[PDB]
Amino acid sequence: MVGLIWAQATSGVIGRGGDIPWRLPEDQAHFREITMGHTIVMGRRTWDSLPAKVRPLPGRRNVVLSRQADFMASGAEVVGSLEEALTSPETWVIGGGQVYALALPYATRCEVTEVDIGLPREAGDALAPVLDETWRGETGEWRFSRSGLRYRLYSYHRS
Ligand SMILES: NC(=O)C1=CN([C@@H]2O[C@H](COP(=O)(O)OP(=O)(O)OC[C@H]3O[C@@H](n4cnc5c(N)ncnc54)[C@H](OP(=O)(O)O)[C@@H]3O)[C@@H](O)[C@H]2O)C=CC1
Ligand SMILES: CCc1nc(N)nc(N)c1C#CCc1cc(OC)cc(-c2ccc(C(=O)O)cc2)c1
Ligand code: NA
């Protein structure tokens, strides 16, 4: 099972200027409960964006995709291809834009957090992949963040 997990503005934006363009602590907790104890796969830019205090993300096997054959990072398994990245029976792809697109055809689950923030797309933004008719989803009830954004959870699957 390969799953994709991301948080996106309604607009589809997941990243800008190398950052996630909002704060949503509740989403982190959700992310942790999905990924804990599993292999996670991420592109090199997403690895770089992890705060040093949690690079690698603890309790998870950190797998980092890079085309740099000699790229190394403490606590991460650097691999040069997706095939090398997806060998664990349960694998969660945690970003970013490039790697979601790369892994999408291999995926049968998506766990999405929608953030109700006004954030029109800008050129060069990292974006969420588009889920077509092959996917079924269940939409969670809107929740209200400690800071004030409304957000909700989607679970998508295809068999
Ligand atoms: N909202 C969310 O849920 C998330 C948001 N983000 C945001 O996403 C943005 C970064 O995403 P993005 O910019 O798309 O970059 P990625 O995080 O997808 O990493 C891209 C890198 O992955 C490597 N790579 C890509 N394709 C391949 C391949 N086919 N084979 C081998 N290596 C490959 C390259 O590394 P090299 O260049 O070293 O070869 C490339 O530069 C940031 O803004 C981040 O904050 C990140 C994660 C989740
Ligand atoms: C939490 C953000 C997030 N939400 C959802 N739904 N899906 C994702 N794939 C990511 C992601 C990501 C990259 C990232 C960036 C970051 O700051 C740049 C922090 C984390 C992060 C840090 C700590 C923990 C943890 O303590 O478990 C988890 C994620 C993770
Ligand atoms: Na829900």
# chains A, B, ... in the order shown; residues from 1 in each chain; ligands from 1

$ residues_near_ligand --ligand "ligand 3" --cutoff "8 Å" --atoms "only C-alpha atoms and all ligand atoms" --output "NGL selection string"
:A and (139-143 or 152-154)

$ residues_around --residues "region 101-107 of chain A" --least-positions-apart "3" --cutoff "8 Å" --atoms "only C-alpha atoms" --output "PyMOL selection string"
chain A and resi 1-4+82+93+97-98+110+129

$ write_last_selection --atoms "N, CA and C atoms" --output "PDB file, in the first residue's frame"
ATOM      1  N   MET A   1       0.827  -1.201   0.000  1.00  0.00           N
ATOM      2  CA  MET A   1       0.000   0.000   0.000  1.00  0.00           C
ATOM      3  C   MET A   1       0.863   1.253   0.000  1.00  0.00           C
ATOM      4  N   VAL A   2       0.737   2.051  -1.053  1.00  0.00           N
ATOM      5  CA  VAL A   2       1.360   3.366  -1.074  1.00  0.00           C
ATOM      6  C   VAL A   2       0.271   4.417  -0.860  1.00  0.00           C
ATOM      7  N   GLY A   3       0.477   5.275   0.126  1.00  0.00           N
ATOM      8  CA  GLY A   3      -0.469   6.341   0.391  1.00  0.00           C
ATOM      9  C   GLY A   3       0.206   7.692   0.262  1.00  0.00           C
ATOM     10  N   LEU A   4      -0.576   8.696  -0.120  1.00  0.00           N
ATOM     11  CA  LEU A   4      -0.119  10.087  -0.170  1.00  0.00           C
ATOM     12  C   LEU A   4      -0.755  10.843   0.988  1.00  0.00           C
ATOM     13  N   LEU A  82      12.225   6.030  -7.593  1.00  0.00           N
ATOM     14  CA  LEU A  82      11.006   5.744  -6.848  1.00  0.00           C
ATOM     15  C   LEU A  82      10.913   4.258  -6.531  1.00  0.00           C
ATOM     16  N   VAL A  93       3.873   8.663   1.358  1.00  0.00           N
ATOM     17  CA  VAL A  93       4.576   9.732   0.662  1.00  0.00           C
ATOM     18  C   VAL A  93       4.155  11.063   1.259  1.00  0.00           C
ATOM     19  N   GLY A  97       5.570  18.565  -3.954  1.00  0.00           N
ATOM     20  CA  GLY A  97       4.829  18.557  -5.210  1.00  0.00           C
ATOM     21  C   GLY A  97       5.338  17.583  -6.258  1.00  0.00           C
ATOM     22  N   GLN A  98       6.643  17.598  -6.506  1.00  0.00           N
ATOM     23  CA  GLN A  98       7.235  16.720  -7.508  1.00  0.00           C
ATOM     24  C   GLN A  98       7.023  15.245  -7.191  1.00  0.00           C
ATOM     25  N   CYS A 110      -5.185   8.355  -0.209  1.00  0.00           N
ATOM     26  CA  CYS A 110      -4.737   9.721   0.063  1.00  0.00           C
ATOM     27  C   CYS A 110      -5.410  10.192   1.329  1.00  0.00           C
ATOM     28  N   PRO A 129      -1.634  17.021  -5.905  1.00  0.00           N
ATOM     29  CA  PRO A 129      -2.029  16.322  -7.128  1.00  0.00           C
ATOM     30  C   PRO A 129      -3.550  16.308  -7.259  1.00  0.00           C
TER      31      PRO A 129
END

$ closest_atom_pairs --of "chain A" --to "ligand 2" --cutoff "8 Å" --atoms "only C-alpha atoms and all ligand atoms" --output "JSON lines"
{"residue": "A:4", "atom": "CA", "partner": "ligand 2", "partner_atom_place_in_ligand_line": "9 (N)", "distance": 7.7}
{"residue": "A:5", "atom": "CA", "partner": "ligand 2", "partner_atom_place_in_ligand_line": "7 (N)", "distance": 4.7}
{"residue": "A:6", "atom": "CA", "partner": "ligand 2", "partner_atom_place_in_ligand_line": "7 (N)", "distance": 3.3}
{"residue": "A:7", "atom": "CA", "partner": "ligand 2", "partner_atom_place_in_ligand_line": "6 (N)", "distance": 4.1}
{"residue": "A:8", "atom": "CA", "partner": "ligand 2", "partner_atom_place_in_ligand_line": "6 (N)", "distance": 7.8}
{"residue": "A:19", "atom": "CA", "partner": "ligand 2", "partner_atom_place_in_ligand_line": "18 (C)", "distance": 6.3}
{"residue": "A:20", "atom": "CA", "partner": "ligand 2", "partner_atom_place_in_ligand_line": "18 (C)", "distance": 6.6}
{"residue": "A:24", "atom": "CA", "partner": "ligand 2", "partner_atom_place_in_ligand_line": "1 (C)", "distance": 7.9}
{"residue": "A:25", "atom": "CA", "partner": "ligand 2", "partner_atom_place_in_ligand_line": "1 (C)", "distance": 7.6}
{"residue": "A:27", "atom": "CA", "partner": "ligand 2", "partner_atom_place_in_ligand_line": "4 (N)", "distance": 5.6}
{"residue": "A:28", "atom": "CA", "partner": "ligand 2", "partner_atom_place_in_ligand_line": "1 (C)", "distance": 4.0}
{"residue": "A:29", "atom": "CA", "partner": "ligand 2", "partner_atom_place_in_ligand_line": "27 (O)", "distance": 6.9}
{"residue": "A:30", "atom": "CA", "partner": "ligand 2", "partner_atom_place_in_ligand_line": "6 (N)", "distance": 6.9}
{"residue": "A:31", "atom": "CA", "partner": "ligand 2", "partner_atom_place_in_ligand_line": "6 (N)", "distance": 5.1}
{"residue": "A:32", "atom": "CA", "partner": "ligand 2", "partner_atom_place_in_ligand_line": "27 (O)", "distance": 4.6}
{"residue": "A:36", "atom": "CA", "partner": "ligand 2", "partner_atom_place_in_ligand_line": "27 (O)", "distance": 7.6}
{"residue": "A:46", "atom": "CA", "partner": "ligand 2", "partner_atom_place_in_ligand_line": "13 (C)", "distance": 6.0}
{"residue": "A:47", "atom": "CA", "partner": "ligand 2", "partner_atom_place_in_ligand_line": "13 (C)", "distance": 7.6}
{"residue": "A:49", "atom": "CA", "partner": "ligand 2", "partner_atom_place_in_ligand_line": "18 (C)", "distance": 4.7}
{"residue": "A:50", "atom": "CA", "partner": "ligand 2", "partner_atom_place_in_ligand_line": "18 (C)", "distance": 4.6}
{"residue": "A:51", "atom": "CA", "partner": "ligand 2", "partner_atom_place_in_ligand_line": "17 (O)", "distance": 5.9}
{"residue": "A:54", "atom": "CA", "partner": "ligand 2", "partner_atom_place_in_ligand_line": "23 (C)", "distance": 5.8}
{"residue": "A:57", "atom": "CA", "partner": "ligand 2", "partner_atom_place_in_ligand_line": "24 (C)", "distance": 6.2}
{"residue": "A:58", "atom": "CA", "partner": "ligand 2", "partner_atom_place_in_ligand_line": "27 (O)", "distance": 7.0}
{"residue": "A:93", "atom": "CA", "partner": "ligand 2", "partner_atom_place_in_ligand_line": "9 (N)", "distance": 7.1}
{"residue": "A:94", "atom": "CA", "partner": "ligand 2", "partner_atom_place_in_ligand_line": "9 (N)", "distance": 3.7}
{"residue": "A:95", "atom": "CA", "partner": "ligand 2", "partner_atom_place_in_ligand_line": "9 (N)", "distance": 5.4}
{"residue": "A:96", "atom": "CA", "partner": "ligand 2", "partner_atom_place_in_ligand_line": "9 (N)", "distance": 7.5}
{"residue": "A:111", "atom": "CA", "partner": "ligand 2", "partner_atom_place_in_ligand_line": "6 (N)", "distance": 7.1}
{"residue": "A:112", "atom": "CA", "partner": "ligand 2", "partner_atom_place_in_ligand_line": "6 (N)", "distance": 6.0}
{"residue": "A:113", "atom": "CA", "partner": "ligand 2", "partner_atom_place_in_ligand_line": "6 (N)", "distance": 5.3}

$ write_last_selection --atoms "N, CA, C and O atoms" --output "compact mmCIF listing (two decimals), in the first residue's frame"
# COMPACT_ATOMS: atom_id res chain seq x y z
N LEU A 4 -0.58 8.70 -0.12
CA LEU A 4 -0.12 10.09 -0.17
C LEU A 4 -0.76 10.84 0.99
O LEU A 4 -1.94 10.67 1.25
N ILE A 5 0.01 11.67 1.69
CA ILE A 5 -0.60 12.49 2.73
C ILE A 5 -0.10 13.92 2.55
O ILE A 5 1.10 14.15 2.38
N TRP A 6 -1.04 14.86 2.52
CA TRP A 6 -0.71 16.27 2.39
C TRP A 6 -1.78 17.17 3.00
O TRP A 6 -2.90 16.72 3.26
N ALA A 7 -1.40 18.43 3.24
CA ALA A 7 -2.33 19.48 3.63
C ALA A 7 -2.32 20.54 2.54
O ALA A 7 -1.26 20.97 2.08
N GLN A 8 -3.50 20.99 2.13
CA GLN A 8 -3.56 21.96 1.05
C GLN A 8 -4.55 23.04 1.38
O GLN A 8 -5.55 22.79 2.05
N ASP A 19 8.23 26.83 1.82
CA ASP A 19 7.50 26.71 3.08
C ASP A 19 6.06 26.26 2.91
O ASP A 19 5.48 26.37 1.83
N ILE A 20 5.47 25.75 3.98
CA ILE A 20 4.03 25.53 4.01
C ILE A 20 3.40 26.86 4.45
O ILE A 20 3.66 27.34 5.56
N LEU A 24 -0.89 25.20 11.26
CA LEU A 24 -2.03 24.37 11.65
C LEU A 24 -1.54 23.20 12.48
O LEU A 24 -1.37 22.09 11.97
N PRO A 25 -1.27 23.44 13.77
CA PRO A 25 -0.74 22.43 14.70
C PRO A 25 -1.58 21.16 14.75
O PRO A 25 -1.04 20.06 14.91
N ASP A 27 -3.02 19.77 12.39
CA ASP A 27 -2.68 18.96 11.22
C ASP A 27 -1.43 18.13 11.50
O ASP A 27 -1.36 16.96 11.12
N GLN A 28 -0.44 18.72 12.16
CA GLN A 28 0.75 17.96 12.53
C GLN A 28 0.41 16.70 13.31
O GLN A 28 1.00 15.63 13.08
N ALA A 29 -0.51 16.81 14.26
CA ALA A 29 -0.89 15.67 15.09
C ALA A 29 -1.55 14.58 14.26
O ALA A 29 -1.32 13.39 14.48
N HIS A 30 -2.39 15.00 13.33
CA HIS A 30 -3.04 14.09 12.40
C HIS A 30 -1.99 13.39 11.53
O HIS A 30 -2.05 12.19 11.30
N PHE A 31 -1.04 14.18 11.04
CA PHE A 31 0.03 13.66 10.19
C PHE A 31 0.83 12.62 10.96
O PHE A 31 1.16 11.56 10.43
N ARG A 32 1.12 12.91 12.22
CA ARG A 32 1.94 12.01 13.03
C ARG A 32 1.23 10.69 13.27
O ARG A 32 1.85 9.63 13.27
N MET A 36 3.26 7.48 11.92
CA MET A 36 4.10 6.90 12.96
C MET A 36 4.32 5.40 12.77
O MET A 36 3.38 4.64 12.55
N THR A 46 11.81 18.55 0.39
CA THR A 46 10.97 18.39 1.57
C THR A 46 11.85 17.97 2.76
O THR A 46 11.65 18.46 3.87
N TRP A 47 12.82 17.08 2.53
CA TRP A 47 13.79 16.76 3.59
C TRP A 47 14.48 18.02 4.11
O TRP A 47 14.57 18.23 5.33
N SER A 49 13.47 20.97 4.21
CA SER A 49 12.53 21.85 4.92
C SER A 49 12.21 21.41 6.34
O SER A 49 11.69 22.19 7.15
N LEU A 50 12.50 20.15 6.67
CA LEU A 50 12.28 19.68 8.03
C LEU A 50 13.15 20.44 9.03
O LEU A 50 14.36 20.56 8.83
N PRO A 51 12.54 20.96 10.10
CA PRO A 51 13.33 21.56 11.18
C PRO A 51 14.38 20.56 11.67
O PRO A 51 14.09 19.37 11.77
N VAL A 54 13.81 17.78 14.20
CA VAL A 54 13.02 16.62 13.78
C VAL A 54 13.42 16.16 12.38
O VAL A 54 12.57 15.75 11.58
N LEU A 57 12.53 12.64 10.89
CA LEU A 57 11.32 12.53 11.71
C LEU A 57 11.37 11.24 12.53
O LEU A 57 11.47 10.15 11.98
N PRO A 58 11.30 11.37 13.86
CA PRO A 58 11.49 10.19 14.71
C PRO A 58 10.35 9.18 14.60
O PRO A 58 9.21 9.56 14.33
N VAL A 93 3.87 8.66 1.36
CA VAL A 93 4.58 9.73 0.66
C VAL A 93 4.16 11.06 1.26
O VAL A 93 2.96 11.40 1.25
N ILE A 94 5.12 11.81 1.79
CA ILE A 94 4.81 13.01 2.56
C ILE A 94 5.21 14.31 1.85
O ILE A 94 5.24 15.38 2.48
N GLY A 95 5.51 14.22 0.56
CA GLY A 95 5.80 15.41 -0.24
C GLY A 95 7.16 15.41 -0.93
O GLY A 95 7.94 14.48 -0.75
N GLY A 96 7.45 16.43 -1.74
CA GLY A 96 6.54 17.55 -1.96
C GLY A 96 5.81 17.43 -3.29
O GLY A 96 5.46 16.34 -3.72
N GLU A 111 -4.62 10.81 2.19
CA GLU A 111 -5.15 11.44 3.39
C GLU A 111 -4.88 12.92 3.25
O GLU A 111 -3.72 13.35 3.25
N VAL A 112 -5.95 13.69 3.11
CA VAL A 112 -5.81 15.09 2.78
C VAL A 112 -6.38 15.95 3.89
O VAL A 112 -7.45 15.66 4.42
N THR A 113 -5.66 17.00 4.23
CA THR A 113 -6.18 18.05 5.10
C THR A 113 -6.46 19.26 4.23
O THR A 113 -5.55 19.76 3.58

$ select_by_dssp --residues "region 10-120 of chain A" --states "strand (DSSP E)" --output "ChimeraX atom specification"
/A:13-15,39-43,61-65,76-79,91-93,107-115

$ residues_around --residues "residue 74 (chain A)" --least-positions-apart "6" --cutoff "12 Å" --atoms "only C-alpha atoms" --output "list in words"
residues 47, 48, 52, 54, 55, 56, 57, 61, 62, 63 and 64 of chain A

$ closest_residue --among "A:59, A:75, A:12, A:80" --to "ligand 1" --atoms "only C-alpha atoms and all ligand atoms"
A:80

$ select_by_dssp --residues "region 19-79 of chain A" --states "helix (DSSP H, G or I)" --output "VMD selection string"
chain A and resid 25 to 35 44 to 49 52 to 54

$ write_last_selection --atoms "N, CA, C and O atoms" --output "mmCIF file, in the first residue's frame"
data_model
loop_
_atom_site.group_PDB
_atom_site.id
_atom_site.type_symbol
_atom_site.label_atom_id
_atom_site.label_comp_id
_atom_site.auth_asym_id
_atom_site.auth_seq_id
_atom_site.Cartn_x
_atom_site.Cartn_y
_atom_site.Cartn_z
ATOM 1 N N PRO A 25 -1.274 23.437 13.775
ATOM 2 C CA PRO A 25 -0.743 22.425 14.698
ATOM 3 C C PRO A 25 -1.583 21.158 14.754
ATOM 4 O O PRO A 25 -1.037 20.058 14.910
ATOM 5 N N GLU A 26 -2.896 21.307 14.617
ATOM 6 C CA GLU A 26 -3.785 20.157 14.650
ATOM 7 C C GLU A 26 -3.467 19.206 13.498
ATOM 8 O O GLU A 26 -3.614 17.985 13.615
ATOM 9 N N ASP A 27 -3.022 19.774 12.386
ATOM 10 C CA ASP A 27 -2.678 18.958 11.221
ATOM 11 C C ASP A 27 -1.433 18.128 11.500
ATOM 12 O O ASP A 27 -1.362 16.962 11.117
ATOM 13 N N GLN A 28 -0.443 18.724 12.157
ATOM 14 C CA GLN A 28 0.749 17.963 12.525
ATOM 15 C C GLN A 28 0.415 16.700 13.312
ATOM 16 O O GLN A 28 1.002 15.630 13.077
ATOM 17 N N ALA A 29 -0.513 16.814 14.260
ATOM 18 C CA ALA A 29 -0.888 15.674 15.090
ATOM 19 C C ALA A 29 -1.549 14.580 14.262
ATOM 20 O O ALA A 29 -1.325 13.389 14.478
ATOM 21 N N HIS A 30 -2.391 15.001 13.329
ATOM 22 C CA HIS A 30 -3.038 14.086 12.403
ATOM 23 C C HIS A 30 -1.992 13.394 11.527
ATOM 24 O O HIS A 30 -2.047 12.193 11.296
ATOM 25 N N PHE A 31 -1.042 14.178 11.037
ATOM 26 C CA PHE A 31 0.028 13.662 10.192
ATOM 27 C C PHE A 31 0.830 12.617 10.959
ATOM 28 O O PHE A 31 1.163 11.556 10.430
ATOM 29 N N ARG A 32 1.117 12.912 12.223
ATOM 30 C CA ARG A 32 1.939 12.015 13.031
ATOM 31 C C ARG A 32 1.225 10.693 13.274
ATOM 32 O O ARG A 32 1.850 9.635 13.265
ATOM 33 N N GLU A 33 -0.088 10.732 13.458
ATOM 34 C CA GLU A 33 -0.782 9.499 13.796
ATOM 35 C C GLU A 33 -0.909 8.587 12.581
ATOM 36 O O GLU A 33 -0.930 7.370 12.721
ATOM 37 N N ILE A 34 -0.976 9.178 11.390
ATOM 38 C CA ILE A 34 -1.018 8.394 10.165
ATOM 39 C C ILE A 34 0.340 7.755 9.868
ATOM 40 O O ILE A 34 0.424 6.585 9.474
ATOM 41 N N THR A 35 1.407 8.523 10.060
ATOM 42 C CA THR A 35 2.727 8.093 9.596
ATOM 43 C C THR A 35 3.573 7.339 10.629
ATOM 44 O O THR A 35 4.513 6.638 10.257
ATOM 45 N N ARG A 44 13.898 15.478 -1.875
ATOM 46 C CA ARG A 44 15.005 16.129 -1.172
ATOM 47 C C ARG A 44 14.647 17.532 -0.670
ATOM 48 O O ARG A 44 15.058 17.924 0.421
ATOM 49 N N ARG A 45 13.861 18.293 -1.426
ATOM 50 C CA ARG A 45 13.509 19.631 -0.965
ATOM 51 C C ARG A 45 12.654 19.561 0.303
ATOM 52 O O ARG A 45 12.769 20.394 1.191
ATOM 53 N N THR A 46 11.805 18.549 0.391
ATOM 54 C CA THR A 46 10.972 18.391 1.570
ATOM 55 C C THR A 46 11.846 17.972 2.759
ATOM 56 O O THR A 46 11.653 18.457 3.868
ATOM 57 N N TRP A 47 12.818 17.084 2.529
ATOM 58 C CA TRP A 47 13.788 16.757 3.586
ATOM 59 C C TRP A 47 14.475 18.019 4.110
ATOM 60 O O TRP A 47 14.567 18.227 5.329
ATOM 61 N N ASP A 48 14.947 18.867 3.198
ATOM 62 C CA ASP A 48 15.658 20.080 3.602
ATOM 63 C C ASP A 48 14.773 20.969 4.482
ATOM 64 O O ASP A 48 15.271 21.630 5.402
ATOM 65 N N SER A 49 13.466 20.966 4.212
ATOM 66 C CA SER A 49 12.532 21.852 4.916
ATOM 67 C C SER A 49 12.208 21.407 6.345
ATOM 68 O O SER A 49 11.691 22.194 7.147
ATOM 69 N N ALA A 52 15.586 21.047 11.964
ATOM 70 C CA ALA A 52 16.705 20.175 12.331
ATOM 71 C C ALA A 52 16.379 19.298 13.539
ATOM 72 O O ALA A 52 16.859 18.170 13.633
ATOM 73 N N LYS A 53 15.562 19.823 14.449
ATOM 74 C CA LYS A 53 15.190 19.118 15.673
ATOM 75 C C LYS A 53 14.417 17.835 15.387
ATOM 76 O O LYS A 53 14.374 16.925 16.229
ATOM 77 N N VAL A 54 13.807 17.776 14.201
ATOM 78 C CA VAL A 54 13.024 16.616 13.783
ATOM 79 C C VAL A 54 13.420 16.158 12.381
ATOM 80 O O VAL A 54 12.572 15.754 11.577
#

$ closest_residue --among "A:115, A:72, A:131, A:14" --to "ligand 1" --atoms "only C-alpha atoms and all ligand atoms"
A:14

$ residues_around --residues "region 116-120 of chain A" --least-positions-apart "3" --cutoff "6 Å" --atoms "only C-alpha atoms" --output "list in words"
residues 9, 10, 11, 150 and 151 of chain A

$ atom_distance --atom1 "atom 11 (O, counted along the ligand's line) of ligand 1" --atom2 "CA of residue 18 (chain A)"
7.0 Å

$ atom_distance --atom1 "atom 3 (O, counted along the ligand's line) of ligand 1" --atom2 "CA of residue 128 (chain A)"
8.0 Å

$ closest_residue --among "A:43, A:37, A:21, A:137" --to "ligand 1" --atoms "only C-alpha atoms and all ligand atoms"
A:43

$ residues_around --residues "residue 125 (chain A)" --least-positions-apart "3" --cutoff "7 Å" --atoms "only C-alpha atoms" --output "number ranges by chain"
A: 13, 15-16, 121-122

$ write_last_selection --atoms "N, CA and C atoms" --output "PDB file, in the first residue's frame"
ATOM      1  N   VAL A  13      -2.764  24.874  -3.300  1.00  0.00           N
ATOM      2  CA  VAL A  13      -1.395  25.207  -2.919  1.00  0.00           C
ATOM      3  C   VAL A  13      -0.978  24.374  -1.701  1.00  0.00           C
ATOM      4  N   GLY A  15       2.679  24.425  -1.079  1.00  0.00           N
ATOM      5  CA  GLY A  15       3.982  24.963  -0.755  1.00  0.00           C
ATOM      6  C   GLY A  15       4.269  26.241  -1.504  1.00  0.00           C
ATOM      7  N   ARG A  16       5.043  27.119  -0.874  1.00  0.00           N
ATOM      8  CA  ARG A  16       5.452  28.369  -1.509  1.00  0.00           C
ATOM      9  C   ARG A  16       6.724  28.885  -0.853  1.00  0.00           C
ATOM     10  N   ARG A 121      -3.421  30.478  -6.245  1.00  0.00           N
ATOM     11  CA  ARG A 121      -2.153  29.924  -6.705  1.00  0.00           C
ATOM     12  C   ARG A 121      -1.287  31.001  -7.351  1.00  0.00           C
ATOM     13  N   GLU A 122       0.023  30.860  -7.183  1.00  0.00           N
ATOM     14  CA  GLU A 122       0.994  31.707  -7.875  1.00  0.00           C
ATOM     15  C   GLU A 122       1.960  30.811  -8.639  1.00  0.00           C
TER      16      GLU A 122
END
